[PDB]
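Next comes protein-v7.pdb, with PDB, C-alpha atoms.
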ATOM      1  CA  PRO M   1       0.000   0.000   0.000
ATOM      2  CA  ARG M   2       1.031   3.617  -0.405
ATOM      3  CA  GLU M   3       2.821   4.745   2.740
ATOM      4  CA  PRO M   4       0.636   6.629   5.245
ATOM      5  CA  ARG M   5       0.531  10.309   4.333
ATOM      6  CA  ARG M   6       0.366  13.375   6.577
ATOM      7  CA  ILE M   7      -2.234  15.975   5.546
ATOM      8  CA  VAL M   8      -3.198  19.321   7.074
ATOM      9  CA  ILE M   9      -6.839  20.339   6.685
ATOM     10  CA  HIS M  10      -7.553  24.013   7.246
ATOM     11  CA  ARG M  11     -11.151  24.435   8.592
ATOM     12  CA  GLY M  12     -13.156  27.231   7.218
ATOM     13  CA  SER M  13     -16.812  28.172   7.418
ATOM     14  CA  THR M  14     -19.012  25.621   9.191
ATOM     15  CA  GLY M  15     -16.945  22.446   8.789
ATOM     16  CA  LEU M  16     -13.998  20.309   7.779
ATOM     17  CA  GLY M  17     -16.026  19.182   4.772
ATOM     18  CA  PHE M  18     -15.922  15.410   5.172
ATOM     19  CA  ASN M  19     -17.822  12.645   6.924
ATOM     20  CA  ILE M  20     -16.534   9.482   8.566
ATOM     21  CA  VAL M  21     -17.773   5.940   9.143
ATOM     22  CA  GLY M  22     -16.547   2.967  11.128
ATOM     23  CA  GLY M  23     -10.626  -1.736  15.974
ATOM     24  CA  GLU M  24     -12.456  -1.671  12.648
ATOM     25  CA  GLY M  25     -11.040   1.714  11.706
ATOM     26  CA  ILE M  26     -12.241   5.192  10.781
ATOM     27  CA  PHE M  27     -12.866   5.742   7.076
ATOM     28  CA  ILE M  28     -13.803   8.745   4.981
ATOM     29  CA  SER M  29     -17.382   8.335   3.736
ATOM     30  CA  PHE M  30     -17.926  11.714   2.043
ATOM     31  CA  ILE M  31     -15.772  14.584   0.767
ATOM     32  CA  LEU M  32     -17.624  17.858   0.168
ATOM     33  CA  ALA M  33     -16.860  19.407  -3.207
ATOM     34  CA  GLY M  34     -15.218  22.802  -2.765
ATOM     35  CA  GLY M  35     -14.818  22.166   0.944
ATOM     36  CA  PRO M  36     -11.690  22.080   3.077
ATOM     37  CA  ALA M  37     -10.956  18.391   2.417
ATOM     38  CA  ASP M  38     -11.528  18.763  -1.331
ATOM     39  CA  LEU M  39      -9.083  21.643  -1.822
ATOM     40  CA  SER M  40      -5.816  19.691  -1.836
ATOM     41  CA  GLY M  41      -7.294  16.700  -3.689
ATOM     42  CA  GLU M  42      -5.497  14.307  -1.313
ATOM     43  CA  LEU M  43      -8.224  12.595   0.725
ATOM     44  CA  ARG M  44     -10.805  10.356  -0.958
ATOM     45  CA  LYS M  45     -13.818   8.342   0.177
ATOM     46  CA  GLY M  46     -12.569   5.039   1.602
ATOM     47  CA  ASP M  47      -9.265   6.314   2.997
ATOM     48  CA  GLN M  48      -8.544   5.432   6.620
ATOM     49  CA  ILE M  49      -7.869   8.195   9.149
ATOM     50  CA  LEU M  50      -5.021   6.882  11.304
ATOM     51  CA  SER M  51      -4.415   9.956  13.468
ATOM     52  CA  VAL M  52      -5.723  13.437  14.223
ATOM     53  CA  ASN M  53      -3.467  16.090  15.811
ATOM     54  CA  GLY M  54      -1.142  13.428  17.144
ATOM     55  CA  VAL M  55      -3.939  11.249  18.539
ATOM     56  CA  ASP M  56      -3.898   7.659  17.260
ATOM     57  CA  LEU M  57      -7.363   6.907  15.861
ATOM     58  CA  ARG M  58      -6.709   3.349  14.646
ATOM     59  CA  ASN M  59      -8.639   1.970  17.665
ATOM     60  CA  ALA M  60     -11.134   4.835  17.923
ATOM     61  CA  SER M  61     -14.847   4.308  17.879
ATOM     62  CA  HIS M  62     -16.836   6.577  15.621
ATOM     63  CA  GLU M  63     -17.685   8.735  18.639
ATOM     64  CA  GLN M  64     -14.041   9.042  19.735
ATOM     65  CA  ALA M  65     -12.978  10.077  16.235
ATOM     66  CA  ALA M  66     -15.833  12.562  15.892
ATOM     67  CA  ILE M  67     -14.860  14.146  19.216
ATOM     68  CA  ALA M  68     -11.217  14.316  18.118
ATOM     69  CA  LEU M  69     -12.085  15.976  14.796
ATOM     70  CA  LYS M  70     -14.565  18.412  16.365
ATOM     71  CA  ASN M  71     -11.973  19.540  18.943
ATOM     72  CA  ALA M  72      -8.935  19.640  16.637
ATOM     73  CA  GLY M  73      -9.509  23.346  15.991
ATOM     74  CA  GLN M  74      -9.045  25.266  12.747
ATOM     75  CA  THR M  75      -5.892  23.344  11.826
ATOM     76  CA  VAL M  76      -6.298  19.574  11.681
ATOM     77  CA  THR M  77      -3.256  17.392  10.956
ATOM     78  CA  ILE M  78      -4.316  13.942   9.733
ATOM     79  CA  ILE M  79      -2.315  10.836   8.944
ATOM     80  CA  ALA M  80      -4.266   8.962   6.286
ATOM     81  CA  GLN M  81      -3.827   5.530   4.760
ATOM     82  CA  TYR M  82      -4.821   5.823   1.106
ATOM     83  CA  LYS M  83      -7.079   2.947   0.054
TER      84      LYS M  83
END
For this file, write the structure as structure tokens.
Amino acid sequence: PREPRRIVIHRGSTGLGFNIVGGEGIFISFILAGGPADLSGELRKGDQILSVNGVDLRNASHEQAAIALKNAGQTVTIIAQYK
């Protein structure tokens, strides 16, 4: 697989612009066109979020991940495993 990749998402108006689903892992389920996660063209639906702002999310429940993303602030550093 492609090596895990570090991405910085800059939050803007009203959201980070992506949804998540998911030990089973946290996966991108939706990327909003024109939104903060669409701008760099890096993340895609199906990618696994391995970390947010230094916090390992490989074992996170959906709730734990959603908390971590909602509290990561305006600058969100993600390590993603491309599908």
Neighbour list for residue M:61 as an MDAnalysis selection string, cut-off 8 Å, all atoms listed in the file, skip fewer than 2 positions in-chain: chainID M and resid 22:23 25:26 59 63:65
Take the residues just selected and output them with C-alpha atoms as a CSV table (one decimal), in the frame of the given file.
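What follows is the written file part_0.csv:
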chain,number,residue,atom,x,y,z
M,22,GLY,CA,-16.5,3.0,11.1
M,23,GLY,CA,-10.6,-1.7,16.0
M,25,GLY,CA,-11.0,1.7,11.7
M,26,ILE,CA,-12.2,5.2,10.8
M,59,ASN,CA,-8.6,2.0,17.7
M,63,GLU,CA,-17.7,8.7,18.6
M,64,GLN,CA,-14.0,9.0,19.7
M,65,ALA,CA,-13.0,10.1,16.2
Counting only C-alpha atoms, the residue of M:73, M:46, M:54, M:35 that sits nearest residue M:20: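 Result for the nearest residue to residue M:20: M:46.
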Nearest to residue M:53 by atom-to-atom distance, counting only C-alpha atoms, from M:75, M:38, M:18, M:31: M:75
Neighbour residues at most 12 Å from (-11.6, 26.2, 13.5) (only C-alpha atoms) as a ChimeraX atom specification: /M:9-16,36,69-76
Distance query residue M:44 at most 10 Å, only C-alpha atoms, self and fewer than 3 positions along chain excluded, as a count of residues only: 14
Between atom CA of residue M:17 and atom CA of residue M:39, distance in Å (one decimal):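 According to the coordinates, atom CA of residue M:17 and atom CA of residue M:39 are separated by 9.9 Å.
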Separation of atom CA of residue M:43 from atom CA of residue M:7, in Å and rounded to one decimal: 8.4 Å
Set up a box along x, y and z of the file covering all listed atoms of stretch 30-49 of chain M, add 5 Å on every one of the six sides, and write the centre and edge lengths in Å to one decimal, as JSON.
{"center_x": -11.7, "center_y": 13.9, "center_z": 2.7, "size_x": 22.4, "size_y": 27.8, "size_z": 22.8}
Atomic distance atom CA of residue M:81 - atom CA of residue M:3, expressed in Å with one decimal: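 These atoms are spaced 7.0 Å apart.
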Take stretch 14-35 of chain M, bring it up to N, CA, C and O atoms, and give me the output as a tab-separated table (two decimals), in the frame of the given file.
chain	number	residue	atom	x	y	z
M	14	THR	N	-17.98	26.59	8.83
M	14	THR	CA	-19.01	25.62	9.19
M	14	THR	C	-18.56	24.16	9.12
M	14	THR	O	-19.35	23.29	9.51
M	15	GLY	N	-17.34	23.84	8.71
M	15	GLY	CA	-16.94	22.45	8.79
M	15	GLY	C	-15.62	22.13	8.14
M	15	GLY	O	-15.02	22.94	7.43
M	16	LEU	N	-15.16	20.91	8.43
M	16	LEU	CA	-14.00	20.31	7.78
M	16	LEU	C	-14.33	19.73	6.41
M	16	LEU	O	-13.42	19.40	5.65
M	17	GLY	N	-15.62	19.58	6.10
M	17	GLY	CA	-16.03	19.18	4.77
M	17	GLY	C	-15.87	17.72	4.45
M	17	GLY	O	-15.69	17.37	3.28
M	18	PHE	N	-15.92	16.84	5.45
M	18	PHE	CA	-15.92	15.41	5.17
M	18	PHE	C	-16.67	14.70	6.29
M	18	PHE	O	-16.82	15.21	7.40
M	19	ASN	N	-17.17	13.51	5.96
M	19	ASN	CA	-17.82	12.64	6.92
M	19	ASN	C	-16.97	11.41	7.15
M	19	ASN	O	-16.12	11.05	6.32
M	20	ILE	N	-17.23	10.72	8.26
M	20	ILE	CA	-16.53	9.48	8.57
M	20	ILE	C	-17.52	8.38	8.92
M	20	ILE	O	-18.65	8.63	9.37
M	21	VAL	N	-17.07	7.14	8.72
M	21	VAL	CA	-17.77	5.94	9.14
M	21	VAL	C	-16.79	5.01	9.85
M	21	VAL	O	-15.57	5.17	9.77
M	22	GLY	N	-17.35	4.02	10.54
M	22	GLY	CA	-16.55	2.97	11.13
M	22	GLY	C	-16.80	2.77	12.61
M	22	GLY	O	-17.34	3.66	13.26
M	23	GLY	N	-11.56	-0.93	16.74
M	23	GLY	CA	-10.63	-1.74	15.97
M	23	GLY	C	-10.87	-1.76	14.48
M	23	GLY	O	-9.93	-1.96	13.70
M	24	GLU	N	-12.12	-1.55	14.06
M	24	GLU	CA	-12.46	-1.67	12.65
M	24	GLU	C	-11.92	-0.52	11.82
M	24	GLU	O	-11.76	-0.67	10.60
M	25	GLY	N	-11.65	0.62	12.43
M	25	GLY	CA	-11.04	1.71	11.71
M	25	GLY	C	-12.03	2.81	11.36
M	25	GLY	O	-13.25	2.61	11.33
M	26	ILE	N	-11.48	3.98	11.08
M	26	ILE	CA	-12.24	5.19	10.78
M	26	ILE	C	-11.96	5.53	9.33
M	26	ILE	O	-10.80	5.76	8.96
M	27	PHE	N	-13.01	5.58	8.51
M	27	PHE	CA	-12.87	5.74	7.08
M	27	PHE	C	-13.65	6.95	6.59
M	27	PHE	O	-14.75	7.23	7.09
M	28	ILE	N	-13.10	7.64	5.61
M	28	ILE	CA	-13.80	8.74	4.98
M	28	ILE	C	-14.99	8.19	4.20
M	28	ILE	O	-14.84	7.27	3.39
M	29	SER	N	-16.18	8.74	4.46
M	29	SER	CA	-17.38	8.34	3.74
M	29	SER	C	-17.89	9.38	2.75
M	29	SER	O	-18.72	9.05	1.90
M	30	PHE	N	-17.42	10.62	2.86
M	30	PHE	CA	-17.93	11.71	2.04
M	30	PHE	C	-16.89	12.83	2.07
M	30	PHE	O	-16.35	13.14	3.14
M	31	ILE	N	-16.58	13.38	0.90
M	31	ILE	CA	-15.77	14.58	0.77
M	31	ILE	C	-16.63	15.63	0.07
M	31	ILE	O	-17.10	15.40	-1.05
M	32	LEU	N	-16.82	16.78	0.72
M	32	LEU	CA	-17.62	17.86	0.17
M	32	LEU	C	-16.85	18.57	-0.94
M	32	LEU	O	-15.75	19.08	-0.71
M	33	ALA	N	-17.44	18.63	-2.12
M	33	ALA	CA	-16.86	19.41	-3.21
M	33	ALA	C	-16.72	20.88	-2.83
M	33	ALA	O	-17.67	21.51	-2.36
M	34	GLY	N	-15.54	21.43	-3.11
M	34	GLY	CA	-15.22	22.80	-2.76
M	34	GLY	C	-14.96	23.05	-1.30
M	34	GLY	O	-14.70	24.19	-0.92
M	35	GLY	N	-15.04	22.02	-0.47
M	35	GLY	CA	-14.82	22.17	0.94
M	35	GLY	C	-13.37	21.96	1.33
M	35	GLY	O	-12.50	21.68	0.50
